[PDB]
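**Student:**
Protein chains: 2
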Amino acid sequence: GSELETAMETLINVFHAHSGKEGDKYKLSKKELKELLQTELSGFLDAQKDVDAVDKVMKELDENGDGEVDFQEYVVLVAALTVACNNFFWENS
Amino acid sequence: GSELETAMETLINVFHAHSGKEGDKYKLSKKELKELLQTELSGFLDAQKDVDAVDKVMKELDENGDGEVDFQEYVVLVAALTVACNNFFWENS
Ligand SMILES: [Ca+2]
Ligand SMILES: [Ca+2]
Ligand SMILES: [Ca+2]
Ligand SMILES: [Ca+2]
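Heads up: the protein sequence lines correspond to chains A and B, in order.
Under the deposited numbering, the first residue of the first sequence is numbered 1, with each subsequent residue one higher.
Under the deposited numbering, the first residue of the second sequence is numbered 1, with each subsequent residue one higher.
1) List, in chain order, every chain B residue whose beta-carbon is nearer than 7 Å to that of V78/A.
2) At the level of alpha carbons, what is the spacing between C85/A and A7/B?
3) With distances taken from each beta carbon to the nearest heavy atom of ligand 3, which residues come in below 6 Å, in chain order?
4) Is there at least one non-hydrogen atom of ligand 2 closer than 7 Å to the beta-carbon of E3/B?
5) Name the chain A residues that come within less than 7 Å of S2/B, Cβ to Cβ?
6) Let's see if you can read the secondary structure: which residues bound the alpha helix (DSSP H) around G20/A?
7) Could you name the residues of chain A that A7/B contacts, counting a contact when the two beta carbons are closer than 7 Å?
8) Grab me the residues of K31/B's own chain with a C-beta within less than 8 Å of its C-beta, minus the 5 sequence neighbours each way, in chain order.
9) Pull the bridge partners of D70/B from the DSSP assignment, please.
10) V54/A lies in the alpha helix (DSSP H); which residues open and close that run?
11) Please tell me whether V54/B has its Cβ less than 8 Å away from any Cβ of chain A.
Here is the structure:
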């Protein structure tokens with residue numbers, strides 16, 4: 001009943017909807033990835049400042065070297081990004 | 001404004017409250033870890049079945065080898081656990 005329980009569900013709930021837009025829901029594509037980070041984290045991840053950076057980000061996600069990113073790869077990185085988001089807050093003071 | 005934005009905040013919001021119970025909010029202790037996984041994921045992580053498993057889990061979290069777990073270490077693992085939670089759902093059918 002904790003908020004975290006809701007959050008794990010939240011990640012999947014957003015993933016299911018967004019991934020469905022293209023290809024397999026279970027598989028995340030670079031476009032979808034760009035759109036998820038860009039739209040959900042337009043501020044913290046504001047990729048617009050550096051479009052090239054998207055490729056750099058995907059490269060880290062593709063452990064396989066396949067060139068395509070899996071949700072499993074995505075979840076590991078998002079955990080790091082949320083923490084990184086705090087850095088932005090630190091800028092405030 | 002996406003749900004994910006709320007979720008990143010949710011993780012920190014729960015972390016701030018729980019970690020504060022003991023030691024440094026910024027530092028996560030084994031007790032607090034046990035309580036967070038056990039209470040927030042009493043079902044999916046039901047550590048009660050295997051108390052010994054808690055040590056196994058912390059060991060993976062401590063990259064440093066310090067024996068103490070940091071939130072940074074915790075966030076990486078939680079991302080994996082949420083996905084693992086789905087496995088439980090799979091059992092349904
Ligand atoms: Ca997809
Ligand atoms: Ca891959
Ligand atoms: Ca603490
Ligand atoms: Ca450590």
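Think of the CB as a built atom: it goes at the ideal place given N, C-alpha and C, for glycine as much as any other residue.
**Tutor:** According to the structure shown:
1) The count along the first sequence starts at 1 and reaches residue 78/A at position 78. Simply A79.
2) By 1-based counting over the first sequence, the position of residue 85/A is 85. By 1-based counting over the second sequence, the position of residue 7/B is 7. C85/A and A7/B: Cα-Cα distance of roughly 12 Å.
3) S19/B, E22/B, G23/B, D24/B, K25/B, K27/B, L28/B, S29/B and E32/B
4) Counting from 1 along the second sequence, the entry for residue 3/B is found at position 3. No, the beta carbon of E3/B sits no closer than 7 Å to any heavy atom of ligand 2.
5) What you label residue 2/B is simply residue 2 of the second sequence in a count that begins at 1. Result: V14, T39 and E40.
6) Reading the first sequence from its first residue, position 20 is the one you call residue 20/A. Segment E3 to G20, the alpha helix (DSSP H) holding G20/A.
7) Looking up residue 7/B in the second sequence gives position 7. Those are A7, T10 and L11, listed as they occur along chain A.
8) Position 31 of the second sequence, counting from 1, holds the residue named residue 31/B. Hits under 8 Å: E22.
9) Residue mapping note: residue 70/B aligns to position 70 of the second sequence, counting from 1. Answer is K27/B.
10) Reading the first sequence from its first residue, position 54 is the one you call residue 54/A. Element bounds for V54/A: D52 to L61.
11) On the second sequence, position 54 is the one that residue 54/B refers to. Not one chain A Cβ lies under 8 Å of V54/B.
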